[PDB]
Amino acid sequence: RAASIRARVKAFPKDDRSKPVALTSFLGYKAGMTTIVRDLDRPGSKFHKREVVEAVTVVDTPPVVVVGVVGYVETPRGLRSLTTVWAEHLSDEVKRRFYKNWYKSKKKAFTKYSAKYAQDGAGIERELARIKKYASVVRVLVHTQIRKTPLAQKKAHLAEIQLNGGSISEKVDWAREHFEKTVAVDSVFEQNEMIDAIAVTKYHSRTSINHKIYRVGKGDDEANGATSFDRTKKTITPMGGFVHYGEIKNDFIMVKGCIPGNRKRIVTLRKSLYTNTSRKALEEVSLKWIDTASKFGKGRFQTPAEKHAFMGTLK
Amino acid sequence: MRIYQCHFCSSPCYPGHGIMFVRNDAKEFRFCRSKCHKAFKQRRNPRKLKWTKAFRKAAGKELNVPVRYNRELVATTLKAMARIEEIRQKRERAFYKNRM
Amino acid sequence: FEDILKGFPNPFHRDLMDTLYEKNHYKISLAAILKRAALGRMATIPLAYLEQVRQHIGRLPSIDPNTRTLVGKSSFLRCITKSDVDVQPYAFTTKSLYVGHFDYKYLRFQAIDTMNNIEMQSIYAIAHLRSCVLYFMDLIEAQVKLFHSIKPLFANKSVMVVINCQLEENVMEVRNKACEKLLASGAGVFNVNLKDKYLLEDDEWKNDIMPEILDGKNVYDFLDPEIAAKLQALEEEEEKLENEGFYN
Amino acid sequence: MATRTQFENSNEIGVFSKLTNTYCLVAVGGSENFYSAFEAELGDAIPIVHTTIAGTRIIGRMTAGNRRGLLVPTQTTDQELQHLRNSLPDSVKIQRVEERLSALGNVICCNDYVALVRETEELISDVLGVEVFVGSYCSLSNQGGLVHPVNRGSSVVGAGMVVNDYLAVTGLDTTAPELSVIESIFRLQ
RNA sequence: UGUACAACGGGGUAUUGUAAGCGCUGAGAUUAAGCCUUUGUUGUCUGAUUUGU
RNA sequence: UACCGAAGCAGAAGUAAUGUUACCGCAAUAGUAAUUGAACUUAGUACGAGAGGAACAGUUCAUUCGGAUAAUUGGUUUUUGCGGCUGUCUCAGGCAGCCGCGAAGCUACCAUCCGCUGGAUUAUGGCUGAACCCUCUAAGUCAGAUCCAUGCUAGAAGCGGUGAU
Ligand SMILES: [Zn+2]
């Protein structure tokens with residue numbers, strides 16, 4: 001059985017001294033599956049340029065904000081958490097994660113620590129300098145903005161993301177500046193990038209690697225579910241919403257295959273832990289058409305705009 | 001892709017949907033869901049069944065070469081599609097109002 | 001054990017194996033085919049000769065006696081085609097069965113060249129095969145007439161005599177004569193790029209996309225040519241539908 | 001004049017190739033020598049279009065036409081038809097034909113002056129602008145035609161080889177007598 | 001003690017082929033028993049009880 | 001089945017409860033694997049009198065098995081759903097009945113997505129160099145698969161940091 005509803009990242013990719021400080025993983029909530037068709041541009045294949053049809057999963061990825069940073073000392077008995085530091089503020093759902101009886105409890109969340117941050121910062125700057133001189137491996141503390149995702153969970157899942165940049169002084173400087181900021185989904189992953197998926201099945205946790213992101217969903221603009229070919233004013237959400245899921249109104253990610261876990265389950269993504277040299281990873285996934293028919297039942301129409309076309313008109 | 005019209009009900013057949021078994025007799029089998037496919041298999045007469053456009057259009061319930069695809073040619077289609085859709089919708093609404 | 005005999009063959013070959021090898025020895029070798037006493041008897045119960053002949057035939061030329069076949073006098077086989085023959089002038093250098101393949105008039109032809117065992121082998125290869133017998137020499141009476149004196153016993157081979165032959169034209173003429181007389185007697189690693197490989201009215205839209213779907217329907221149905229007139233007609237029809245009273 | 005090539009070790013080259021006096025059709029593949037041989041002899045005089053029919057590897061059976069125009073089978077995808085139209089010059093027409101069997105070349109053979117197979121016959125005559133009277137066992141061009149009595153005696157003349165007014169192609173299995181027969185019937189010499 | 005929770009209201013979303021009755025009528029009907037949302041209405045918010053440098 | 005050596009081996013083709021609670025974490029440790037075959041280019045080229053036809057490298061697939069999925073196809077249905085129909089009498093086609101269609105579901109090789117990369121070594125290929133000129137071996141030393149690492153699953157009814165009085 002899994003330890004909790006959320007899964008734990010057991011490894012991180014090798015650090016890069018030259019690259020800038022950036023996040024290594026992202027997490028979201030499963031949003032079912034959808035059908036897609038694309039041109040198979042793979043060279044040396046008997047189906048070159050053919051319209052290959054396959055299923056792609058959809059995961060809701062609300063914005064994730066940084067809430068703290070943690071450094072770890074390379075001790076002879078493994079990595080030890082040198083010091084954890086939160087940034088001046090904890091969200092309502094962030095505080096809720098620390099209570100089993102939040103409604104009954106007095107909601108006495110960070111009070112002296114918040115008051116401590118109101119001081120001249122010397123203590124916080126002292127800890128930052130400590131981390132700068134001391135342990136040179138740093139992990140960021142973040143949470144999911146479940147307040148935006150339309151789920152009854154209403155509880156933010158805390159998670160740690162390791163920075164892959166060099167000059168850990170730059171790491172702490174970035175943390176010092178990007179504290180309590182919101183990180184968009186597109187800032188961690190991009191289209192055609194190969195990622196791995198980890199989640200909990202319908203109850204064991206398992207990891208699957210070599211999964212390509214078919215599309216990165218910017219949920220702020222319309223027609224996010226329409227490709228360059230279809231380019232219709234349609235969202236990935238079909239008519240009536242989703243099966244056992246509320247709605248998509250924020251950033252989302254589309255991944256080849258089916259991530260483990262039923263709908264509404266939280267999942268995490270990572271950049272394959274290494275630089276895959278396969279030509280499949282390198283090739284770009286041009287998109288032709290994305291299915292938006294009502295999954296609930298058997299939808300004979302894509303959107304209500306064209307639904308009346310078959311019937312012409314209705315009472 | 002090629003969105004066919006379901007011959008049983010003159011309904012769209014979007015990519016990835018429907019069933020078309022390639023029989024040796026070489027016939028088109030266009031359908032939108034299992035309902036129409038089974039109705040065709042059952043030989044339910046579309047020309048005399050109320051819920052299919054084939055019968056409704058006549059009963060009074062409702063009303064070879066390629067193109068080079070130049071920028072100017074497609075530019076005309078943008079307005080033509082909207083005009084045709086509006087005309088068809090208005091005609092259908094008028095027909096329904098007359099039927100009422 | 002029996003697998004060895006299966007791969008060993010058993011009319012020219014019968015005498016060919018009797019000069020390049022020993023026929024009687026070969027036949028004898030082929031036909032000579034709690035438990036301590038039995039094991040010793042089996043162990044107690046010339047085999048290298050079979051392996052030697054197998055190795056020799058493994059690279060020897062394969063020819064059918066019924067197929068068409070035909071100083072520097074020995075350089076004819078080397079010059080006629082891509083065949084190698086020892087340049088040593090002494091006669092006995094031709095122990096091996098040298099063969100050279102070539103095509104004449106879309107038909108396969110080949111030349112063959114070859115008492116001591118070598119002499120018997122050559123005699124058998126001449127008599128048993130359908131190949132013609134030829135006498136080539138560069139420009140003494142007794143030496144020259146030796147072949148003619150022995151001609152009668154193998155005259156059935158349609159003998160031909162040509163004498164000067166290092167010049168290539170002579171070799172070509174000899175081959176042409178003999179051939180007629182015989183019958184008379186990188187890879188795909190990236191997607192294929194089609195850009196600039198197709199024609200268009202202009203290159204402005206060479207990088208075409210062709211979405212093929214608009215407003216939920218295929219563009220191919222609406223992609224009529226220069227239908228601005230049709231759009232104007234549709235606008236006129238809409239005006240006539242609105243102002244005539246259909247939707248007053 | 002004549003050419004010899006192997007389509008990924010295949011002996012029948014006409015199945016995956018089609019030649020005319022104004023355009024050429026060849027199935028997509030990863031063999032650089034196969035396309036290089038066609039390009040070197042034909043140069044850039046005519047467009048050597050990398051294309052497929054209905055996604056199938058074979059194109060000779062499906063495609064039949066002349067220099068005036070090209071006829072595509074019903075099952076051809078619209079994208080393939082658009083790509084062919086773009087690749088073919090404006091002087092060459094393209095027309096779709098409704099046929100039960102997608103293999104147009106199995107029963108239809110034609111050249112710049114004559115054709116063979118009445119709705120389809122008249123359509124071919126109009127599109128190709130030629131008179132119309134065995135496609136798999138026939139080959140026709142302006143240099144005459146060849147029919148069954150190539151590729152070591154293969155009886156399918158219309159599949160093993162393809163030829164136009166100035167270029168002939170045959171499989172590697174073709175023998176010298178077959179090459180001579182092809183040259184004589186098409187009066188290359 | 002407030003766009004928080006639950007039940008109602010509308011809408012969209014699936015099964016259907018035109019229930020009974022007098023063209024209504026791809027209407028109505030199961031309508032979620034393994035669908036969703038939202039624009040209106042109503043009620044909700046207090047005990048048992050254990051631990052702590 | 002992989003790697004080497006002999007072999008007229010031209011080409012084709014021996015080794016193996018813890019100050020409570022809650023959150024975020026480390027990992028000594030236990031388990032661990034992908035599997036079998038196919039097609040394309042160099043490929044009609046090295047080889048060879050000809051039948052015959054490579055390879056280091058780069059690509060595309062298929063069978064079995066492992067982790068998941070139901071976007072949708074099927075096995076399928078207490079949505080006993082919509083419509084129809086026969087006993088039951090005063091339109092309900094009632095209900096312990098049948099039929100055409102049927103979402104939702106468990107589920108399939110009956111479908112879909114994925115299924116490892118760095119080092120030390122046996123044999124082996126070699127350098128320097130004595131016993132005793134030589135020699136891969138005596139002292140040193142490069143390459144190289146069984147082993148160890150990477151990743152994956154769980155976490156000692158072991159450990160670090162953080163909030164609340
Ligand atoms: Zn239909």
# chains A, B, ... in the order shown; residues from 1 in each chain; ligands from 1
call {"tool": "residues_near_ligand", "arguments": {"ligand": "ligand 1", "cutoff": "10 Å", "atoms": "only C-alpha atoms (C1' of nucleotides) and all ligand atoms", "output": "list in words"}}
result
residues 300 and 310 of chain A; 4, 5, 6, 7, 8, 9, 10, 11, 12, 13, 18, 30, 31, 32, 33, 34, 35, 36, 37, 39, 40, 52 and 53 of chain B
call {"tool": "interface_residues", "arguments": {"of": "chain D", "to": "chain B", "cutoff": "7 Å", "atoms": "only C-alpha atoms", "output": "list in words"}}
result
residues 82, 85, 86, 94, 95, 96 and 100 of chain D
call {"tool": "interface_residues", "arguments": {"of": "chain F", "to": "chain A", "cutoff": "12 Å", "atoms": "only C-alpha atoms (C1' of nucleotides)", "output": "ChimeraX atom specification"}}
result
/F:21-28,39-41,58-61,66-72,79,102-104,111-117,150-155,158-165
call {"tool": "residues_around", "arguments": {"residues": "region 23-35 of chain E", "least_positions_apart": "3", "cutoff": "10 Å", "atoms": "only C-alpha atoms (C1' of nucleotides)", "output": "ChimeraX atom specification"}}
result
/A:240-245,295-297,311,313-315 /B:50-53,61,99-100 /E:13-19 /F:78-79,81-82,103-105
call {"tool": "residues_around", "arguments": {"residues": "residue 76 (chain B)", "least_positions_apart": "3", "cutoff": "10 Å", "atoms": "only C-alpha atoms (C1' of nucleotides)", "output": "ChimeraX atom specification"}}
result
/B:71-73,79-81 /C:222-231
call {"tool": "residues_around", "arguments": {"residues": "residue 65 (chain D)", "least_positions_apart": "3", "cutoff": "10 Å", "atoms": "only C-alpha atoms (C1' of nucleotides)", "output": "ChimeraX atom specification"}}
result
/D:18-20,68-72,93-95,104-105,108-112,115,124,127-128
call {"tool": "select_by_dssp", "arguments": {"residues": "region 159-238 of chain A", "states": "strand (DSSP E or B)", "output": "PyMOL selection string"}}
result
chain A and resi 159-162+182-183+194-200+205-217
call {"tool": "residues_around", "arguments": {"residues": "region 151-157 of chain D", "least_positions_apart": "6", "cutoff": "12 Å", "atoms": "only C-alpha atoms (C1' of nucleotides)", "output": "VMD selection string"}}
result
chain D and resid 4 to 6 10 to 15 60 to 61 105 to 106 109 134 to 140 145 163 169 to 179 181 to 182
call {"tool": "write_last_selection", "arguments": {"atoms": "N, CA and C atoms", "output": "CSV table (one decimal), in the first residue's frame"}}
result
chain,number,residue,atom,x,y,z
D,4,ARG,N,18.4,0.3,-63.4
D,4,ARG,CA,18.2,-0.8,-62.6
D,4,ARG,C,18.3,-0.5,-61.1
D,5,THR,N,17.4,-0.9,-60.3
D,5,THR,CA,17.4,-0.5,-58.9
D,5,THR,C,16.6,-1.6,-58.1
D,6,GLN,N,16.8,-1.6,-56.8
D,6,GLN,CA,16.1,-2.5,-55.9
D,6,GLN,C,15.4,-1.7,-54.8
D,10,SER,N,13.7,-5.4,-52.8
D,10,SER,CA,12.6,-6.0,-53.6
D,10,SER,C,12.9,-6.0,-55.1
D,11,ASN,N,12.4,-7.0,-55.7
D,11,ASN,CA,12.7,-7.2,-57.2
D,11,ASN,C,11.7,-6.4,-58.0
D,12,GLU,N,10.4,-6.2,-57.6
D,12,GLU,CA,9.4,-5.5,-58.3
D,12,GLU,C,9.5,-4.0,-58.0
D,13,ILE,N,10.0,-3.3,-59.0
D,13,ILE,CA,10.2,-1.8,-58.8
D,13,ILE,C,9.0,-1.0,-59.2
D,14,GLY,N,8.3,-1.5,-60.2
D,14,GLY,CA,7.1,-0.8,-60.7
D,14,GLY,C,6.0,-0.7,-59.6
D,15,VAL,N,6.0,-1.6,-58.7
D,15,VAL,CA,4.9,-1.5,-57.6
D,15,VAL,C,5.0,-0.2,-56.8
D,60,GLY,N,2.4,2.0,-57.7
D,60,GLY,CA,2.2,1.8,-59.2
D,60,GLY,C,0.8,1.2,-59.5
D,61,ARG,N,0.3,0.3,-58.7
D,61,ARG,CA,-1.0,-0.3,-58.9
D,61,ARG,C,-2.1,0.8,-58.7
D,105,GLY,N,-4.4,0.9,-61.6
D,105,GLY,CA,-3.4,0.4,-62.6
D,105,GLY,C,-3.6,-1.1,-62.9
D,106,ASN,N,-4.4,-1.8,-62.1
D,106,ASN,CA,-4.6,-3.3,-62.4
D,106,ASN,C,-5.4,-3.5,-63.7
D,109,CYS,N,-4.4,1.1,-68.2
D,109,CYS,CA,-3.1,1.5,-68.7
D,109,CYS,C,-3.3,2.5,-69.8
D,134,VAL,N,-6.2,-5.3,-68.2
D,134,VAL,CA,-4.9,-5.9,-68.4
D,134,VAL,C,-3.8,-5.0,-67.9
D,135,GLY,N,-4.2,-4.1,-67.0
D,135,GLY,CA,-3.2,-3.1,-66.6
D,135,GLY,C,-2.0,-3.7,-65.9
D,136,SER,N,-2.3,-4.7,-65.0
D,136,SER,CA,-1.2,-5.4,-64.3
D,136,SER,C,-0.3,-6.1,-65.3
D,137,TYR,N,-0.8,-6.5,-66.4
D,137,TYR,CA,0.0,-7.3,-67.4
D,137,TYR,C,0.2,-6.5,-68.7
D,138,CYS,N,0.2,-5.1,-68.6
D,138,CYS,CA,0.4,-4.3,-69.7
D,138,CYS,C,1.2,-3.0,-69.3
D,139,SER,N,1.9,-2.5,-70.3
D,139,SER,CA,2.7,-1.2,-70.1
D,139,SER,C,2.6,-0.5,-71.4
D,140,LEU,N,2.3,0.8,-71.4
D,140,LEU,CA,2.1,1.6,-72.5
D,140,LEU,C,2.8,3.0,-72.4
D,145,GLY,N,4.0,-0.2,-76.6
D,145,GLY,CA,3.7,-0.9,-75.4
D,145,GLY,C,4.1,-2.4,-75.4
D,163,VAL,N,8.6,2.6,-67.3
D,163,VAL,CA,9.3,3.2,-68.4
D,163,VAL,C,8.5,4.4,-68.9
D,169,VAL,N,13.1,1.7,-66.4
D,169,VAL,CA,13.5,1.2,-65.1
D,169,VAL,C,13.1,-0.3,-65.0
D,170,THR,N,14.0,-1.1,-64.5
D,170,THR,CA,13.7,-2.5,-64.3
D,170,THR,C,14.3,-3.0,-63.0
D,171,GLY,N,13.8,-4.2,-62.5
D,171,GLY,CA,14.4,-4.7,-61.3
D,171,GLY,C,15.7,-5.4,-61.6
D,172,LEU,N,16.5,-5.6,-60.5
D,172,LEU,CA,17.8,-6.2,-60.6
D,172,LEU,C,17.7,-7.7,-61.1
D,173,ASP,N,16.5,-8.3,-60.9
D,173,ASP,CA,16.4,-9.7,-61.4
D,173,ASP,C,16.3,-9.7,-62.9
D,174,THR,N,16.1,-8.6,-63.6
D,174,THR,CA,16.0,-8.6,-65.0
D,174,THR,C,17.3,-9.1,-65.7
D,175,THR,N,17.1,-10.0,-66.7
D,175,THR,CA,18.2,-10.6,-67.4
D,175,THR,C,18.5,-9.8,-68.7
D,176,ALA,N,19.7,-10.1,-69.3
D,176,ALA,CA,20.0,-9.5,-70.5
D,176,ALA,C,19.0,-9.7,-71.6
D,177,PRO,N,18.5,-10.9,-71.9
D,177,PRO,CA,17.4,-11.0,-72.9
D,177,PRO,C,16.2,-10.1,-72.6
D,178,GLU,N,15.8,-10.0,-71.4
D,178,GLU,CA,14.7,-9.2,-71.0
D,178,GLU,C,15.0,-7.7,-71.3
D,179,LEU,N,16.2,-7.3,-70.9
D,179,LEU,CA,16.6,-5.9,-71.2
D,179,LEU,C,16.6,-5.6,-72.7
D,181,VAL,N,14.7,-7.2,-75.0
D,181,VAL,CA,13.3,-7.2,-75.4
D,181,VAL,C,12.7,-5.8,-75.1
D,182,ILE,N,13.0,-5.3,-73.8
D,182,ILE,CA,12.4,-4.0,-73.4
D,182,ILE,C,13.0,-2.9,-74.3
call {"tool": "atom_distance", "arguments": {"atom1": "CA of residue 93 (chain B)", "atom2": "CA of residue 245 (chain C)"}}
result
14.2 Å
call {"tool": "closest_residue", "arguments": {"among": "D:58, D:159, D:185, D:116", "to": "chain A", "atoms": "only C-alpha atoms"}}
result
D:58
call {"tool": "closest_residue", "arguments": {"among": "E:12, E:43, E:52, E:21", "to": "chain A", "atoms": "only C-alpha atoms (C1' of nucleotides)"}}
result
E:12
call {"tool": "interface_residues", "arguments": {"of": "chain B", "to": "chain F", "cutoff": "9 Å", "atoms": "only C-alpha atoms (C1' of nucleotides)", "output": "mmCIF file with N, CA and C atoms, in the first residue's frame"}}
result
data_model
loop_
_atom_site.group_PDB
_atom_site.id
_atom_site.type_symbol
_atom_site.label_atom_id
_atom_site.label_comp_id
_atom_site.auth_asym_id
_atom_site.auth_seq_id
_atom_site.Cartn_x
_atom_site.Cartn_y
_atom_site.Cartn_z
ATOM 1 N N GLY B 16 -11.308 9.216 -35.302
ATOM 2 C CA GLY B 16 -11.174 8.383 -34.127
ATOM 3 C C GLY B 16 -12.462 7.780 -33.615
ATOM 4 N N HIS B 17 -13.614 8.237 -34.095
ATOM 5 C CA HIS B 17 -14.907 7.748 -33.644
ATOM 6 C C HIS B 17 -15.561 6.903 -34.729
ATOM 7 N N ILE B 19 -17.193 2.957 -36.097
ATOM 8 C CA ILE B 19 -16.666 1.642 -36.443
ATOM 9 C C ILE B 19 -16.888 1.416 -37.930
ATOM 10 N N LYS B 35 -25.136 2.695 -31.970
ATOM 11 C CA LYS B 35 -26.568 2.731 -32.250
ATOM 12 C C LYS B 35 -26.835 2.646 -33.749
ATOM 13 N N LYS B 38 -25.655 -0.750 -35.389
ATOM 14 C CA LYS B 38 -26.555 -1.866 -35.125
ATOM 15 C C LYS B 38 -27.885 -1.686 -35.846
ATOM 16 N N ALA B 39 -28.377 -0.448 -35.938
ATOM 17 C CA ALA B 39 -29.606 -0.209 -36.686
ATOM 18 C C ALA B 39 -29.434 -0.595 -38.149
ATOM 19 N N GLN B 42 -29.366 -4.302 -38.194
ATOM 20 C CA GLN B 42 -30.741 -4.763 -38.040
ATOM 21 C C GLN B 42 -31.596 -4.462 -39.263
#
call {"tool": "select_by_dssp", "arguments": {"residues": "region 14-96 of chain D", "states": "helix (DSSP H, G or I)", "output": "ChimeraX atom specification"}}
result
/D:14-16,32-42,78-87
call {"tool": "interface_residues", "arguments": {"of": "chain C", "to": "chain D", "cutoff": "7 Å", "atoms": "only C-alpha atoms", "output": "compact mmCIF listing (two decimals) with C-alpha atoms, in the first residue's frame"}}
result
# COMPACT_ATOMS: atom_id res chain seq x y z
CA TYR C 106 23.58 -13.12 -73.30
CA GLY C 186 23.21 8.55 -45.19
CA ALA C 187 20.23 6.32 -44.42
CA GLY C 188 16.86 7.54 -43.19
CA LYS C 197 10.22 20.16 -54.04
CA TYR C 198 6.72 21.22 -55.16
CA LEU C 199 5.41 23.90 -57.50
CA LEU C 200 3.00 26.72 -56.69
call {"tool": "interface_residues", "arguments": {"of": "chain C", "to": "chain A", "cutoff": "10 Å", "atoms": "only C-alpha atoms", "output": "VMD selection string"}}
result
chain C and resid 187 to 192 209 to 218
call {"tool": "closest_residue", "arguments": {"among": "C:244, C:22, C:113, C:2", "to": "chain F", "atoms": "only C-alpha atoms (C1' of nucleotides)"}}
result
C:113
call {"tool": "residues_around", "arguments": {"residues": "residue 20 (chain C)", "least_positions_apart": "5", "cutoff": "9 Å", "atoms": "only C-alpha atoms (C1' of nucleotides)", "output": "ChimeraX atom specification"}}
result
/C:15,95-96,117-118,121
call {"tool": "atom_distance", "arguments": {"atom1": "CA of residue 235 (chain C)", "atom2": "CA of residue 56 (chain B)"}}
result
28.3 Å
call {"tool": "atom_distance", "arguments": {"atom1": "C1' of residue 5 (chain E)", "atom2": "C1' of residue 44 (chain E)"}}
result
7.0 Å
call {"tool": "closest_atom_pairs", "arguments": {"of": "chain F", "to": "chain C", "cutoff": "12 Å", "atoms": "only C-alpha atoms (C1' of nucleotides)", "output": "tab-separated table"}}
result
residue	atom	partner	partner_atom	distance
F:7	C1'	C:55	CA	11.1
F:8	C1'	C:55	CA	6.6
F:9	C1'	C:55	CA	11.0
F:10	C1'	C:59	CA	8.4
F:11	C1'	C:59	CA	11.0
F:40	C1'	C:187	CA	8.5
F:41	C1'	C:187	CA	5.0
F:42	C1'	C:186	CA	8.6
F:43	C1'	C:187	CA	11.5
F:48	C1'	C:59	CA	10.0
F:49	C1'	C:100	CA	4.9
F:50	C1'	C:101	CA	7.5
F:51	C1'	C:62	CA	8.8
F:57	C1'	C:187	CA	11.4
F:58	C1'	C:189	CA	7.1
F:59	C1'	C:189	CA	6.1
F:60	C1'	C:188	CA	10.1
